[PDB]
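Note that each Cβ is placed from the backbone with ideal geometry, even for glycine, and that neighbours are counted across all protein chains shown. Derivation of every value follows stated rules applied to the coordinates shown; laboratory data play no part.
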Amino acid sequence: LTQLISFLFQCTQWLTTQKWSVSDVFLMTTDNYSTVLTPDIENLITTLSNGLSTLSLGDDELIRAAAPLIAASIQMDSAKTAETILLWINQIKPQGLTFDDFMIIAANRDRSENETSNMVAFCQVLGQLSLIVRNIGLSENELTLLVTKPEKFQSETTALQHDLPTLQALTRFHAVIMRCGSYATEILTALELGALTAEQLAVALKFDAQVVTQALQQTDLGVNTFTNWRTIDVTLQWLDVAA
Amino acid sequence: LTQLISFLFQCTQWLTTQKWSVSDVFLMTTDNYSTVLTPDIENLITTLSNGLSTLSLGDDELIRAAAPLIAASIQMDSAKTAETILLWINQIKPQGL
Amino acid sequence: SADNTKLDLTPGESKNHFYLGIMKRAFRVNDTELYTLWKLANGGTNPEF
Amino acid sequence: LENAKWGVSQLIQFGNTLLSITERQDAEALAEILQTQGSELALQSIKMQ
Amino acid sequence: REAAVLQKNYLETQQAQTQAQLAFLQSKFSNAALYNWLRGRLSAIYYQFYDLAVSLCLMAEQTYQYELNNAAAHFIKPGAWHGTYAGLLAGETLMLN
Amino acid sequence: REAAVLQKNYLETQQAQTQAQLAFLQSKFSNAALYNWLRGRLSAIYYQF
């Protein structure tokens, strides 16, 4: 009960910090979408049907050929954000559909009601993705790190989820990156590797090197570097409580 | 000691005159940079690799052929500023290069 | 009392909390922060305090 | 050479058109975000009146 | 007080006018959604047309190597599609070659 | 006093909106960095041509 009270408090403060309503996160998160076929979905069907060439193969070439057209259909400014979002939705499979077998439901125009229902489900999980990326701001060096390497997000994850705690942690991740300022892509490419150390996060966030490694010593017994995001989050919490 | 006090005073007044922080001059001045390879550096690699032609010779022709591309990579508005900055970094040689 | 008492100013290895807490209160400084305050006075080293 | 020259002139035309489309994209997105935040300021100013 | 009531009516008029401008920008044909679609479609076409035109260029290079008996002539450099800037200035580089 | 508190909230809203416009201009594809790259590359091509 006190865990649920603590969750409701931190989620409500997160909502009022981001200036989002409960209806906003409900639109970004739910499974209770409607299954009716919308002219947006129809435009996606005919754009990605007539735009793609002869039959391409999966995550090697199909996803790269279809990422500009699927960034054309739903509101995106970068095809590579669309490519990593399609990687995300392939490893999550809304109602079983990958992007393969969504192509086959498309370009039919002779499809059953459950088939077009799964189709609309795929398109609206794509819409929830496009919202969940554009509302927090994820400039694809930030996003494909967490989609392709979810171990760098949390050490237990192994597949980035569509949860509300994952959304809140994405918010905190984006906030600390934009707090890093001019060093932000340098911190990100050090977190790509296992090369994110103290004297580097401390300069980026204007802390001291010894205080940062002294809090890293509190979250990790003998780990020299930041190999994860969760260790950075909790070591910044140690820094806040010490400050 | 009074020379170091005078230095700290004139440097602090210079900082507050220019409206720079100590972190700004530290970013502009230090040797304690990180050595990790950044997509900015990668863009410089492939831009100045694919953009330069067959092998050119030093400060006579290489620096002039590479100054527009290296002003393209890092944020500059003039290739000739990039050319004199590459002359500066040639006569200073960071880690021997 | 300004006694000639040896004290290691690295932020974990003193365990003489009275003198070190007096220095932290007098100089308005942390453990780490007192330690780098002593490193600046010796060119990045700590010989003996 | 004439054929490849044709194809590359058409590629130049496509790249110029793509640059124009992406800058008009960013201009229209800026106009939209300015109108949404002006609407927010208008609501807050009515609450102040 | 009546002047303040007229001021509040003025501010509500400005709110409705800002909402009218917003609804015009949402509902216009040349809105941001058209440019999203338009640059995504043109980006796909532009990458495939880059593949076609660099094939034509290498074809002309191949017949250059056949006529002038020089199989090591290499004018069309590996590159010219810099992916981070959407492959822009590809045709300028290929006209140069 | 409550009117002044609403005014401060209005000014903080304007600060966040200015930061949002700034982050849009930093993060847009047609930002100044693309034009830096674009004119440097085209300047090199233009001199050789």
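Would you list A:123, B:11, A:180 from fewest to most Cβ contacts within 10 Å?
Values: A:123 25, B:11 12, A:180 18.
Least to most surrounded, the residues fall as B:11, A:180, A:123.
Pop the C-beta distance of residue A:26 and residue F:35 into the FRET formula with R0 = 51 Å and round what comes out to the nearest 0.05.
Values: r = 41 Å, r/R0 = 0.80.
Computed FRET efficiency for residue A:26 and residue F:35: 0.80.
What does the charge dipole of chain C about its Cα centre add up to, to the nearest 20 debye, if the Cβ of each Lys and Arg holds +1 and the Cβ of each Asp and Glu holds -1? Let's see the in-between values first.
Working: 6 positive and 6 negative charges, 34 e Å.
Taking the Cα centre of chain C as origin, the dipole is about 160 debye.
Take residue A:178 and residue E:77, extend 7 Å from each Cα along the Cα→Cβ direction, and tell me the distance between the two endpoints in nm.
About 3.9 nm, to one decimal.
Could you tell me how far the Cα centroid of segment A:127-169 sits from the Cα centroid of segment A:188-243, in Å?
Using only Cα atoms to place each centre, the spacing works out to 21 Å.
Select from E:85, E:48, E:34 the residue farthest towards the positive end of the dipole of chain E; place +1 on Cβ of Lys and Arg, -1 on Cβ of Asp and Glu, and compute about the Cα centre.
E:34
Given the convex hull of the Cα atoms of the protein assembly as shown, what is a quarter of its surface area in nm²?
On the way: hull surface 159.1 nm².
The number I arrive at for the protein assembly as shown is 39.8 nm².
Per residue, what volume in Å³ does the convex hull of the Cα atoms of chain A enclose? Walk me through the numbers on the way to the answer.
Values: hull volume 35.4 nm³, N = 243.
Once divided by residue count, the hull of chain A is 146 Å³.
What percent of all Cα-Cα pairs in chain C falls into each 5 Å bin, going from 0 up to the bin containing the maximum distance?
5, 21, 34, 28, 11, 1
Would you look at the GNM of chain A, springs on alpha carbons closer than 10 Å, and say which of A:178, A:119, A:28 moves the most?
Checking each option, the largest mean-square fluctuation is seen for A:178.
Averaged over peptide E:76-83, how many Cβ atoms belonging to another chain are found within 10 Å of each residue's Cβ? Working shown, then result.
On the way: counts 1, 6, 2, 5, 4, 1, 8, 3.
That average works out to 4.
Using the Cα atoms of chain B to build a convex hull, what is its mean projected area in square nanometres? Walk me through the numbers before you get to the answer.
Numbers: hull surface 34.8 nm².
Mean orientational projected area (chain B, Cα hull): 8.7 nm².
Say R0 is 35 Å: what FRET efficiency, to the nearest 0.05, do residue A:56 and residue B:38 get from their beta-carbon distance? Provide the component values of the computation, followed by the final result.
Numbers: r = 33 Å, r/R0 = 0.93.
It comes out at approximately 0.60.
Rounded to the nearest angstrom and ordered from largest down, what semi-axes does the equivalent ellipsoid of segment A:78-144 get from its C-alpha gyration tensor (root of 5λ)? Intermediate values should be presented prior to the final figure.
Values: eigenvalues 124, 25, 18 Å².
Over the Cα atoms of segment A:78-144, the ellipsoid semi-axes are 25, 11, 10 Å.
Can you pull out the trypsin sites (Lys or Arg not before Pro) in chain C whose DSSP state is coil and whose Cβ has at most 16 other Cβ atoms within 10 Å?
Working: sites: C:6, C:15, C:24, C:25, C:28, C:39; in loops: C:6, C:15, C:28.
Answer by residue number: C:6, C:15, C:28.
Divide, for segment D:7-49, the radius of gyration over alpha carbons by 2.2 N^0.38 Å, where N is the residue count. Intermediate values should be presented prior to the final figure.
Details: Rg = 18.8 Å, N = 43, 2.2 N^0.38 = 9.2 Å.
Expressed relative to 2.2 N^0.38 Å, the Cα Rg reads 2.05.
For peptide A:179-185, what's the mean number of Cβ atoms from other chains within 10 Å of each residue's Cβ? Mind showing how you got there, number by number?
Values: counts 0, 0, 2, 3, 4, 0, 3.
Average neighbour count from other chains, rounded to a whole number: 2.
Working from Cα positions, state the angle (0 to 90°, nearest 10) between the long axis of helix E:2-27 and the longest principal axis of chain E.
With rounding to tens, the tilt is 30 degrees.
Applying the Karplus parametrisation 6.51 cos²θ - 1.76 cosθ + 1.60 with θ = phi - 60° to the phi angles of segment B:75-85, what ³J(HN,Hα) value in whole Hz is obtained for each residue in order, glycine and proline being reported as x?
In residue order, the calculated couplings are 6, 9, 9, 9, 6, 7, 4, 5, 5, 6, 5 Hz.
Using only Cα atoms, figure out Rg for segment A:156-227 and give it as a multiple of 2.2 N^0.38 Å.
Values: Rg = 13.1 Å, N = 72, 2.2 N^0.38 = 11.2 Å.
Segment A:156-227 yields a ratio of 1.17.
Along the Cα-to-Cβ line of residue D:20, 7 Å from the Cα, sits a label point; which residues in segment E:61-97 have backbone N less than 16 Å from it?
E:89
Based on DSSP loop calls and a cut-off of at most 13 other Cβ atoms within 10 Å, the longest stretch of chain A free of exposed trypsin sites (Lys or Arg not before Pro) is what? Each step should come with its number before you reach the end.
Working: sites that count: A:19, A:109, A:206.
By the stated rule (loop sites, at most 13 other Cβ atoms within 10 Å), A:110-205.
Taking the Cβ of residue A:56 as the centre, find all other residues whose Cβ is under 13 Å away and add up their charges (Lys, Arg: +1; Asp, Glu: -1). Let's see the in-between values first.
Working: positive: A:64; negative: A:59, A:60, A:61, A:100.
Local net charge: -3.
Please sort by residue number the GluC sites (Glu not before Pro) in segment A:135-243 whose DSSP state is loop and whose Cβ has at most 12 other Cβ atoms within 10 Å. Show your work: numbers first, answer last.
Working: sites: A:140, A:142, A:151, A:156, A:186, A:192, A:199; in loops: A:140, A:142, A:156, A:199.
Of the GluC sites (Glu not before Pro), the ones in loops of segment A:135-243 whose Cβ has at most 12 other Cβ atoms within 10 Å are A:156.
Between residue A:196 and residues 5 or more places away or on another chain, which pairs have amide H atoms under 5 Å apart, with H built 1.01 Å from N, and which residues are they?
A:226
Helix A:63-73 against the longest principal axis of chain A: what's the angle in degrees, Cα atoms only, rounded to the nearest 10?
80
Do me a favour and compute the ellipsoid semi-axes for chain E from its Cα gyration tensor, root of five times each eigenvalue, largest one first, whole Å.
Values: eigenvalues 703, 31, 11 Å².
Whole-Å semi-axes of the equivalent ellipsoid: 59, 12, 8.
Which distance in nm do the two modelled labels at residue F:12 and residue A:108 give, with both placed 7 Å along the Cα-to-Cβ direction?
Inter-label distance under the simple model: 5.3 nm.
Enter the angle in degrees (range 0 to 90, nearest 10) between the Cα long axis of helix A:113-134 and the first principal axis of the Cα atoms of chain A, meaning the one along which they spread out most.
Value to nearest ten degrees: 30.
Starting from the Cα of residue B:74, step 7 Å toward the Cβ, then list every residue of segment A:143-185 with an amide N under 17 Å from that point.
A:182-185
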